[PDB]
Structure formats: structure tokens, C-alpha cells
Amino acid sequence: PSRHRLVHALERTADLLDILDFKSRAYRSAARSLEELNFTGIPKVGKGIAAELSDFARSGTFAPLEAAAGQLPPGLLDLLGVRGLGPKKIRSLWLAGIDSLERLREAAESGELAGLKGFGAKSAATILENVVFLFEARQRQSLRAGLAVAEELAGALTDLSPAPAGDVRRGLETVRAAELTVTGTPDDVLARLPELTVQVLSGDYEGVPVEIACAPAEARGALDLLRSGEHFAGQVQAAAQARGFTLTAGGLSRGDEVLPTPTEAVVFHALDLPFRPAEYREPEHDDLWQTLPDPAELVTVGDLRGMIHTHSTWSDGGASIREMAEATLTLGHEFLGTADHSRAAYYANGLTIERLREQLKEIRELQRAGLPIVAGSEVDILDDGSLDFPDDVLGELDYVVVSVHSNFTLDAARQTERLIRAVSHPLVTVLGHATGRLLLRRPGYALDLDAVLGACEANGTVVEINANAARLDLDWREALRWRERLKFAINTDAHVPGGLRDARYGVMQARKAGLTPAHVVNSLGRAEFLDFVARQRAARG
């Protein structure tokens, strides 16, 4: 209600638009007018600002900020929660390739943060402190933070033969702790990591909970099975007892017998069991996993020739198209897929039709210069199911991604009809992050996924497995159920060059679903890709 509160929301919207001038200025000026006032009458508050305020008074929720929550990248929404980061700093972090809490934490660690204009050693440590607060708040950590921390601590435990364990090892979209496995004694570990406390050892590394379990070389194999873990651990112990063995972190035994257990494989042999890959040790796999491909057949980051659905400076990215293309090449991939937002995504600097035409001219130039690029767009799905760009405009593109970035509160039946309509379009090639979920922030919108996926199958539209650690959507559980009926795309949705290294998280999800390079369009070379979508479009109408 407070009028001073309205001024703040108006002032926070201009700051958000500043991050990525005809409404940033419009919102900033409307804030300065509401200042000196002891909405339809107020100065400088056009039809726009007036209407939303009344709704803010009513609803108790400022519309423009809700729109932005749905349009902005997950990592940016995070940085906006780091106490002490102003608009100008968040913008310079973005342009510097720092796009997430985890990546910010690493930048602080390495001196990279301090090396930026406006940051020094001191502010870089204050920011690291403030990021530690965000992490300790969360009950569970993102796969990115947990995996990064486990990888870093392994670095200090090199001669103890470190290995990721538990949740990070099998790619849980969300993670209880940075879990590591190690051979040696709690003193060996305590000598390289004095911080920890012996309970296994546990502790807290920069807000991220840590657990390190150790064992003698001869028990390591059993320790690795048990720390996989919880659901599977119970399974494998049940299996052991049912056969006269006792499985413990201390090793595999049989009455008097103590069988040497150096490797997981050895334990399976001893119980006369088929080896069960860590990728398949979730509950949902219990009755399915022997139907799925051998790990050596599953997709890998190296199988991703085409890196599609990426963002640039044209939209709400932090790098030019050239920097991104160069980046995908030095990471070992073949070509880059452009895909900036459209018109409707206002708070994400979406492209008007005219600006899109300008982007296409630039892409043609980069191609002349020998850069492997395919031009696309992430077209917003309007609330009725129609697309943000006209058909003739969509026709200029090499490929089209469709996505929801607005109206997350439509009823289930309206939302389902909306997405079925969009994935049924003749020109659509990929459905972006189907569910709109953001791990640790907001659940996805209410819809009937099976109906929507069915519509994808019927139109041969490929469904995206968004590799961004805050999305990991389509969920691997739904991909597992539909692996026979859909083609998938493992897309990073990179808003920054380093974002292309997220592919590794999408791949971990794809492998649990049992996907091979043949299930994933990204495995096609550039020319193979361009006629896949030509065939895809020919197969309809």
C-alpha cells in the first residue's frame, strides 16, 4: 500500500531494465514524480505506469517485477539477491562472464573478481562472504555448486584417490552436500583439510556442506557402493544379506570370511550380480535399468557437435555472437545455435522484428568470415498459444525454439492448450525448457506434460533438456518415460561463454534417461542439422 513502497518498485524496475531507456527512463521518471506528492492524474505516469500501480495497490504485487522474474536468466535472479551488488556491478559481472552464484564464488576464489574494474581484493571478499550466506540459507544445493566444491576438494586430496560420491556422483538435479570418497584414514584427510570434523568426516566449505568418507584400499569398493547411495545402498545391502554376506563400509564379509573389495566391480562379482552403472542407481531405475544402454553407448559432452539455444548481447546475454561462436569451437564443438529472445520478453531485451533483421545481417557476416553458425530465435509463446513472431519472420530462421516466459499462473487446462498449440506450429523445431521450473526458486507451472509431449511427438518437434543447472528440464524422469517416442536436444541456454560448459549437467540428466547420441539432435553436424529441420518441416502439413 505505502506510496513510498510504490516508488521503490518503480525504482527497482528501471534498475532491472538498466542491467541489460524508453521505459527504463519512463519508470525512473515516474518514480521521481511519485516522490513529491502529498495515478490517472499524476504527471509522467502514462497509461502504462498508472494501471500497474492500481493493481499493485490492489493485488499487493507489482506486475512489471513478476514479468521480469519469468523472463530473466536464473543466475541473474540469483546475483540480484547478493547483498551489496548494485545494477552497474551486476552488469559488469555479466559482461565479464560471471553468470551465477557458483561462478561468482569461483571468481572470488581465483582473484578474477578483484581484477575487475570497481572490485578490489576487499570487495571481492565481502561479496564472497555474502554468497556464503545465500548458500547456507538453502536446504539443498544446486548440482553445480556441489559438483564444483567436490571437484575442488578432490584437488587437495590427490594422493588419496578422490572420487565424487552420493548425489553429485549420480547427477541429482539438487544435492544435499558435496560428497567425496577417498582411500586412507581420517588423519590422512585431516592433514590436507584441517577444517573438517570427524564423525567419515564432515564440514562446510564456503556455505556448501561437505562429507568425505574414507576406507582402506581393500574396502574402497564397498565404501563406493554404500556411498552412492541411500536408496541404492539399502538395495545392495539387502542383496548381500540375502546371500549370506554382510556389506559394510568396512568391507564385504561372510562369517569368518573377509573378501578383498578394491573396486565396485569386485563386490558385484562376489554377489553374482550384474554391474549396475551409477547412472542407473535411482529408485525409478529399479525395474528398468537392464533395458537401458551400456554406459559406453550413452551421450557425452563430446557428442554435442551443435551448441544451440544460446544468448548474446543482442538479447540478455553478456557476450557477442562472435565470442560465443569462438567459445563453442575452443570447447571442442562444431557449430553455434543463435537463439535470443523476441519482442514479448521486454525485461530480457527481446528483439523486435527490425532488430532481428539486423542480427541476421551480422550472422551472415560472421559466416562469410568462416564461423559455423545457425540462426535461430527463442520465440515467446503468447498466453493464447500463438507465437511472438509472424510466420514470414520465422521463415527467415534456420531453426525456431518456442518457450514460455510469461503467464505462469494460468489454470492447468489453459496452459496445456497453450503449449499444445505452440508445439503444433509448422515452423517450430524445439520446445524450450518445457516446465518453466527453476530449481530452488520456483516450481514449474501447472500443466499436463503428457498431453504436451504427445503433441510434440505428433508434430515431430524435438523437446529440450535444458542443461542450465537451475533448470535441468525436461526432467530426466519424464525423458526416461518418453525416450522411445521423442528426439531430444541437450541445450545449455548459455547467456555467457562459460555457460557453454553447462552441457555437462544436461548430459548427466540425459544419461540417466538412457539417451544415446542417436536420441539427441545436437549430435548432428551443421549440414546434417539444417536438413533434419527441413525434413522435420516437410513431414507436416
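Start at 1 with the first residue shown and count on from there.
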*Do any residues of the deposited sequence lie unmodelled between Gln199 and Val200, and which range holds their number: none, 1 to 3, 4 to 9, or 10 or more?*
1 to 3
_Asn38 to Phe39: deposited residues without atomic coordinates_ = 10 or more
*Out of 247-255 and 287-295, which stretch has the higher average CA B-factor listed in the record?*
247-255
*Looking at the deposited entry, does 489-497 or 48-56 carry the larger mean Cα B-factor?*
48-56
*Among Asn349, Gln415, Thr429, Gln241, single out the one with the highest C-alpha B factor in the record, please.*
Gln241
_Per the entry's Cα B factor values, which of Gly97, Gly81, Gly115, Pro194 stands out as the maximum?_
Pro194
_Cα B factor band for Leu20 (lowest, middle or highest third within the chain)_ = highest
_Could you place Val520 in the lowest, middle or highest third of its chain by Cα temperature factor, using the values in the record?_
lowest
*By the record's CA B-factor, is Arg355 among the lowest, middle or highest third of residues in the chain?*
middle
_Third of the chain, ranked by Cα B-factor, where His433 sits_ = lowest
*Would you check the entry's CA temperature factor for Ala513 and let me know if it's in the chain's lowest, middle or highest third?*
lowest
